[PDB]
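Residue numbers start from 1 in every chain, and the chains themselves are labelled A, B, ... in the order their sequence lines are given, proteins ahead of strands. Quick note: numbers below take in every heavy atom, side chains included, and nothing from hydrogens, waters or symmetry partners.
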There are 2 protein chains.
Amino acid sequence: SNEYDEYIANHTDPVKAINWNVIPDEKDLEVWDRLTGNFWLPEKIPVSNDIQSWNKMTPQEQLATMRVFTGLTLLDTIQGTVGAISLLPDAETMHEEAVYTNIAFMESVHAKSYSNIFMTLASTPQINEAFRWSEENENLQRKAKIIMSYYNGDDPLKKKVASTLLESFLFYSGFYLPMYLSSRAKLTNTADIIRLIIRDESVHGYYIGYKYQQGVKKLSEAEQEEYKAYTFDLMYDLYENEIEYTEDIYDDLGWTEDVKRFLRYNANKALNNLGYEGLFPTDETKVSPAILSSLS
Amino acid sequence: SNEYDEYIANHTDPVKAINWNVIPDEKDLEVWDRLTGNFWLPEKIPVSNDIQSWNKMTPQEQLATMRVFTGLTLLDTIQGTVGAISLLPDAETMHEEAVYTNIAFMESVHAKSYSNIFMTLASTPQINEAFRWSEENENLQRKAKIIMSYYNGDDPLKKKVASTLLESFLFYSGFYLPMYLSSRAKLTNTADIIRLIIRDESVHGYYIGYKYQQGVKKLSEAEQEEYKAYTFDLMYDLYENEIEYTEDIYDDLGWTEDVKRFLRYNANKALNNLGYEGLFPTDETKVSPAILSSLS
Ligand SMILES: [Fe+3]
Ligand SMILES: [Fe+3]
Ligand SMILES: [Fe+3]
Ligand SMILES: [Fe+3]
Ligand SMILES: [Fe+3]
Ligand SMILES: [Fe+3]
Ligand SMILES: [Fe+3]
Ligand SMILES: [Fe+3]
Ligand SMILES: [Fe+3]
Ligand SMILES: [Fe+3]
């Protein structure tokens, strides 16, 4: 009795090889093409040129950056090693499974970019302090564990909701700082790395939200309403926790009010990516022009 | 708001962010730089320039080529969506996890490469016949499922042995064809894609084998003997299966005996990657230096 016979039994259909000549969902190919074409590595950006401006930054600024970047690094660590991966089994097409492997890899590249920035500008005590801060912080650990509870759960649709919220919402309490600083001529090369990351995350959230929408419409009227309710519920939970997290990061700086608006702006985009209307009135998402500007 | 409470409750340990500033195993960084530095996409090679060569090939050579590439596509599909992934949970470091995400993505790039070749050279009927052929070939499905049985199992070391045997041995009955044709000045651009793939597999086999050695060295001398026994028994089973697959593919062309020597040559490398002596003596592993060079 071969150590594998039992398996070859429980799985009688032939194992299929991916065929990119027959694509059910052209969306997978458009996205595969956009993500692979947007390949980049942090080494290609001269972060060493931000050393002067990094020095010109106040202590509170350097400190906020270390922490924000560490929080971002942590989210991409989860998304690359646990998130994107958890979506594989529920893929509608094999081409979609291929896209998720690109997403998982690009997330490791995102996490690594921050280390390239840190190592070029910061000091080890700073790096070490930042990383310790990230393990101790209750709001950061809380959002990291809520998202993980879903990836480790058994609900395919929920995993996609959590992932779209992480990609379209959780990352921005963070992207705000480098966009703020770069509009004020601080850490511009570093902002270029952030822009490449943002170019990926916008696609990631768009694509995964798209797959959640196609999945959800495959359900009964009642179930569809339950998933809608589930999404808004998690969105509020994540949002409240992000508020407390934002207060702790930006208050010394006094950027808090503008950051909170940036959060509501992205919470809406995350819900739209999932096919739902926003959670916040438009007037409550009036983020400073200079910020949404730095982006595009 | 309550649903994810038990999960947190039980997971009171801090989720950690990856830190590339502190590398406990230098090999992880070396392999990461090597694999990312070797990034490539099939669109980069002028496969269309092989059209003249392809058309001059006999129907038998074409048929064998279609079949070996569909077989190769199937192995990469598995490795990319099931294999590399199944290794993340057993990683010794987080940087090793990062490496596996790159392996997963490059396996999808590999699989996609065969389709770019097909779409450029073969007729759709040929393409459909080839994938259909791969779903029904007993030996191909048997090696796919033997390997999958281990990725789905619960032994971390056996997943690495299976993966290493896949990377350093199982692809080779298929790699023989393009290397040989390449040595006859045929399908040379396709061969450049195959060489890029081999450049990746070589490193995957070596890295995963190296992590297997690290884990096995931690066990008692006796347990280490059982894992060696298990590794050789799997190699015997895979080799016997591979000979039959080889016959199915190469008998018409009459290249079987030479492909079997090439299987033996690579079976020794795969065992060496796992830290063991080769199985076949040198005089049974003769490979034309025109194929070896065509390799590197
Ligand atoms: Fe990311
Ligand atoms: Fe992302
Ligand atoms: Fe508060
Ligand atoms: Fe409060
Ligand atoms: Fe408050
Ligand atoms: Fe491969
Ligand atoms: Fe490989
Ligand atoms: Fe036979
Ligand atoms: Fe025979
Ligand atoms: Fe036989």
Side-chain angles (χ1 to χ4, degrees), chain A residues 2-4 6-8 11 14-21 32 36-37 39 41 70-71 73-74 76-78 80-82 84-85 88 94 97-99 101-102 104-109 111-112 115-116 118-119 124 127 131 134-136 141-142 144-146 148-150 152-153 233 236-237, chain B residues 1 3-4 7-8 11 14-21 32 36-37 39 41 70-71 73-74 76-78 80-82 84-85 88 94 97-102 104-109 111-112 114-116 118-119 124 127 131 134-136 141-142 144-146 148-150 152-153 230 237:
Chain A
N2 280 310
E3 178 173 52
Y4 42 87
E6 220 293 291
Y7 178 89
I8 304 180
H11 308 72
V15 176
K16 301 180 297 304
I18 186 167
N19 181 350
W20 288 89
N21 186 60
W32 165 276
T36 59
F39 177 76
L41 294 172
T70 298
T73 300
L74 167 60
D76 280 313
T77 297
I78 302 304
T81 69
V82 172
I85 284 141
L88 267 279
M94 308 174 68
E97 295 187 71
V99 168
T101 62
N102 168 264
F105 166 62
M106 285 312 292
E107 296 303 359
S108 295
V109 171
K112 193 181 190 301
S115 278
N116 275 50
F118 283 175
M119 291 166 45
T124 291
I127 299 186
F131 278 101
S134 90
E135 323 186 7
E136 296 187 297
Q141 293 296 313
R142 190 168 188 69
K145 299 186 183 183
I146 288 179
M148 301 205 71
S149 67
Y150 294 112
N152 295 74
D233 295 323
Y236 198 43
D237 290 37
Chain B
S1 302
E3 172 170 52
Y4 54 74
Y7 177 87
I8 293 178
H11 303 62
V15 181
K16 307 198 165 186
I18 186 158
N19 182 356
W20 292 82
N21 182 54
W32 169 276
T36 56
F39 174 77
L41 294 178
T70 297
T73 306
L74 177 67
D76 284 311
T77 296
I78 301 311
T81 60
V82 187
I85 284 173
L88 286 291
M94 298 177 80
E97 293 192 74
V99 169
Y100 294 143
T101 66
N102 170 271
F105 168 59
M106 284 318 287
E107 295 301 329
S108 297
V109 172
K112 179 146 198 309
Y114 296 115
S115 281
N116 285 37
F118 283 161
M119 296 174 63
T124 306
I127 293 170
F131 282 90
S134 75
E135 300 182 75
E136 302 190 316
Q141 290 292 318
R142 184 169 306 105
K145 300 180 186 189
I146 285 180
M148 275 174 92
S149 80
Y150 290 109
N152 299 306
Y230 156 80
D237 288 16

Participant: To the nearest 0.5 angstrom, please state how far the NZ atom of A:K112 sits from the CD atom of A:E107.
Facilitator: 16.0 Å

Participant: Relative to chain B, which segment of A:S115 carries a heavy atom at a distance below 4.5 Å: side chain, backbone, both, or neither?
Facilitator: side chain

Participant: Measuring heavy-atom distances to chain A, does B:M106 have an atom under 4.5 Å in its side chain, in its backbone, in both, or in neither?
Facilitator: neither

Participant: Check each atom of B:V109 against the heavy atoms of chain A and say whether the ones under 4.5 Å are side chain, backbone, both or neither.
Facilitator: both

Participant: Please flag which part of B:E135 lies under 4.5 Å from any non-hydrogen atom of chain A: side chain, backbone, both or neither.
Facilitator: both

Participant: Go through it in stages, so that I can follow the logic: the residues are A:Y4 and B:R142, the test is side-chain contact (heavy atoms from CB on, under 4.5 Å), and I'd like the CA-CA distance, side-chain angles, deciding distance and then a yes or no.
Facilitator: CA-CA 10 Å; A:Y4 42 87; B:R142 184 169 306 105; 5.7 Å; no

Participant: So which of B:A84, B:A98, B:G153, B:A111 has the largest heavy-atom pair count under 4.5 angstrom toward chain A?
Facilitator: B:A98

Participant: Side chain, backbone, both or neither: which part of B:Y150 has a non-hydrogen atom closer than 4.5 Å to chain A?
Facilitator: side chain

Participant: Please flag which part of B:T101 lies under 4.5 Å from any non-hydrogen atom of chain A: side chain, backbone, both or neither.
Facilitator: both

Participant: Contact part of B:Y7 toward chain A, heavy-atom cut-off under 4.5 Å: side chain, backbone, both or neither?
Facilitator: side chain

Participant: Please list, chain by chain and in numerical order, all residues satisfying salt bridge (charged side-chain N to carboxylate O under 4.0 Å, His left out) with A:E3, sequence neighbours excluded.
Facilitator: B:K158

Participant: For chain A, which of B:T73, B:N21, B:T36 has the most heavy-atom pairs under 4.5 Å?
Facilitator: B:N21

Participant: So, taking the atom named CD1 in A:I8 and the one named CG in A:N2, what distance separates them when rounded to the nearest 0.5 Å?
Facilitator: 7.5 Å

Participant: Where on A:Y236 is there a heavy atom nearer than 4.5 Å to chain B: the side chain, the backbone, both, or neither?
Facilitator: neither

Participant: Please state whether the side chain, the backbone, both or neither of B:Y100 comes within less than 4.5 Å of a heavy atom of chain A.
Facilitator: neither

Participant: Measure A:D76 against the heavy atoms of chain B and call it side chain, backbone, both or neither at under 4.5 Å.
Facilitator: neither

Participant: Select one option (side chain, backbone, both, neither) describing which atoms of B:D237 are under 4.5 Å from chain A's heavy atoms.
Facilitator: side chain

Participant: Who passes ring pair (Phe, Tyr, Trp, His ring centres under 6.0 Å) against B:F105, sequence neighbours left out?
Facilitator: A:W32, A:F105

Participant: Side chain, backbone, both or neither: which part of B:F39 has a non-hydrogen atom closer than 4.5 Å to chain A?
Facilitator: side chain

Participant: Select, from B:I85, B:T77, B:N19, the one with the greatest count of heavy-atom pairs under 4.5 Å involving chain A.
Facilitator: B:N19

Participant: When rounded to the nearest 0.5 angstrom, what distance separates OG1 in A:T70 from CZ in A:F131?
Facilitator: 5.0 Å

Participant: Just by distance, do the side chain of A:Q141 and the backbone of B:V15 share a donor-acceptor pair under 3.5 Å?
Facilitator: yes

Participant: Among A:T124, A:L41, A:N116, A:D233, which has the most heavy-atom pairs under 4.5 Å with chain B?
Facilitator: A:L41

Participant: Under a 4.5 Å heavy-atom cutoff, which of A:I127, A:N102, A:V82, A:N152 has the most pairs with chain B?
Facilitator: A:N102

Participant: To the nearest 0.5 Å, tell me how far A:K145 NZ sits from B:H11 NE2.
Facilitator: 8.5 Å

Participant: Can you tell me which of A:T81, A:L88, A:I146 forms the most heavy-atom pairs within a distance under 4.5 Å of chain B?
Facilitator: A:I146

